[PDB]
Amino acid sequence: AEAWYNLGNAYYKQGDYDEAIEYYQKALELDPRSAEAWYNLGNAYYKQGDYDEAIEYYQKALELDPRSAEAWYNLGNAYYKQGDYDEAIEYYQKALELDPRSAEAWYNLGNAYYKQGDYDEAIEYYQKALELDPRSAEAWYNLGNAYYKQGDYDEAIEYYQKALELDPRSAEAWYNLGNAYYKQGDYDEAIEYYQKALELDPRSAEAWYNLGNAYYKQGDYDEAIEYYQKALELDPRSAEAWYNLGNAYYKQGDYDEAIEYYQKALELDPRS
Ligand SMILES: [Cu+2]
Ligand SMILES: [Cu+2]
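Just so you know, we're using my numbering here: the sequence shown kicks off at 102 and counts up by one.
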């Protein structure tokens with residue numbers, strides 16, 4: 102049993118999930134009262150993207166040991182990846198009852214609430230996560246996103262700044278700080294933060310798009326036009342870019358070009 106099991110673990114650790122499953126089953130054929138085998142079968146299925154099966158195997162493991170914090174956590178994670186945020190929350194709580202010192206369960210409970218649109222629950226659980234790990238870039242980042250989503254652009258900015266203080270090479274943190282400034286009506290800052298994002302990933306269409314929109318909003322239609330073109334040469338299928346380019350030409354008084362760019366947008370969305 103033990104040797105079929107460590108053979109399974111060997112295949113698992115080198116990423117061969119199908120072989121790992123073969124040997125974990127052999128282990129269970131000899132010792133089916135073993136919660137670790139059931140659990141690791143779960144993990145194997147989880148890693149293949151088979152979340153229905155991971156759940157079956159994790160629940161089995163939990164019958165044979167309902168005191169494993171890690172198995173409740175992984176069951177929550179399986180539900181979360183299926184899109185069942187309610188069951189996720191139930192199992193994450195269960196994990197937290199057995200180990201409330203775990204930043205990762207708090208964080209993931211935050212995320213489950215975020216995905217339901219319960220932004221202030223998200224915030225409470227992310228704040229808890231951060232009591233227990235003040236050096237988690239991603240958790241300041243997601244705390245920022247929660248404040249952003251409920252319209253607290255000031256708190257969002259405070260938290261995105263914390264995230265950048267821990268990982269300055271993160272294009273998305275820069276980009277989202279841009280968006281926060283954008284939404285406050287501060288287009289000068291939006292532009293500085295979007296340009297930084299673009300230095301770090303120059304093939305993001307949406308960032309060229311939003312950079313175009315920031316210039317558009319200041320009234321610099323020439324500069325807006327250069328950045329909408331940059332966006333279109335990465336995604337020529339986006340009707341919103343064609344449209345916004347139409348508008349920039351319209352605002353300049355170039356009604357010929359507006360006509361052309363609006364006709365393109367409408368070939369790509371005739372119902373809009
Ligand atoms: Cu099954
Ligand atoms: Cu609460």
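The beta-carbon is built from N, C-alpha and C at its ideal position, and this holds for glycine as well.
Check your understanding: Is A102 helix, strand or coil by DSSP?
Key -> By one-based count along the sequence shown, residue 102 stands at place 1. Coil.
**Study point:** Candidates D117, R168, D153: closest to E137 by CA position
**Key:** Within the sequence shown, the letter at position 36 stands for residue 137. Of the candidates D117, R168, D153, the one whose C-alpha sits nearest the C-alpha of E137 is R168.
Point to revise | Cutoff 6 Å; reference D221; Cβ partners in own chain excluding five residues on either side | key: Your numbering for residue 221 matches position 120 in the sequence shown. Cβ within range, chain order: n/a, list empty.
Practice item. Please classify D357: does DSSP put it in a helix, a strand, or coil? Key: Residue 357 sits at position 256 when you count from the first residue of the sequence shown. Under the three-state reduction of DSSP, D357 is assigned to helix.
Check your understanding: Buried or exposed: which applies to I360, given that a residue is buried once 16 or more other Cβ atoms fall within 10 Å of its Cβ?
Key -> Residue 360 sits at position 259 when you count from the first residue of the sequence shown. With fewer than 16 Cβ atoms within 10 Å of its Cβ, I360 is classed as exposed.
Point to revise | For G150, the first and last residue of its enclosing alpha helix (DSSP H) | key: Position 49 of the sequence shown holds residue 150. Looking at the DSSP string, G150 is not in any alpha helix (DSSP H), and its letter there is neither H nor E.
Practice item. With hydrogens ignored, establish whether the beta-carbon of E154 is closer than 7 Å to any heavy atom of ligand 1. Key: Here the question's residue 154 lines up with position 53 in the sequence shown. Yes, ligand 1 has a heavy atom inside 7 Å of this Cβ.
Review point. Who are the near neighbours of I258 in its chain, counting only those whose CB is closer than 6 Å to its CB and skipping five residues on each side?
Key: Here residue 258 is taken as the residue at index 157 of the sequence shown, counted from 1. Cβ contact annotation for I258 (same chain, cutoff 6 Å, sequence separation greater than five): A281, in chain order.
Review point. Which residues mark the beginning and the end of the alpha helix (DSSP H) in which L278 is found?
Key: Position 177 of the sequence shown, counted from the start, is the residue given in the question as residue 278. Annotation: the continuous alpha helix (DSSP H) that includes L278 extends over 272 to 285.
Review point. Less than 8 Å separating the beta-carbons of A179 and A172?
Key: Looking up residue 179 in the sequence shown gives position 78. Looking up residue 172 in the sequence shown gives position 71. No. Outside cutoff.
**Study point:** Where the alpha helix (DSSP H) containing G116 begins and where it ends
**Key:** Start at 1 with the first residue of the sequence shown, and residue 116 comes out as number 15. Note, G116: premise wrong, no alpha helix (DSSP H); not H, not E.
Point to revise | Residues whose Cβ lies closer than 6 Å to any heavy atom of ligand 3, in chain order | key: In terms of ligand content, the structure shown lacks ligand 3 and carries ligand 1 and ligand 2 instead.
Exercise for review: Report the rounded CA-to-CA distance for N212 versus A223, giving the unit in angstroms.
Suggested key: The sequence position of residue 212 within the sequence shown is 111, counting from 1. The sequence position of residue 223 within the sequence shown is 122, counting from 1. Looking at the backbone, the Cα of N212 and that of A223 are separated by about 6 Å.
Check your understanding: Would the C-beta of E123 count as close to ligand 1, meaning under 7 Å from any of its heavy atoms?
Key -> To locate residue 123, count along the sequence shown from 1; it is residue 22. No, the Cβ of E123 stays beyond 7 Å of every heavy atom of ligand 1.
Review point. When every heavy atom of ligand 1 is checked, does at least one fall within less than 7 Å of the C-beta of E157?
Key: For this step, residue 157 is matched to residue 56 along the sequence shown. Yes, the beta carbon of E157 sits closer than 7 Å to at least one heavy atom of ligand 1.
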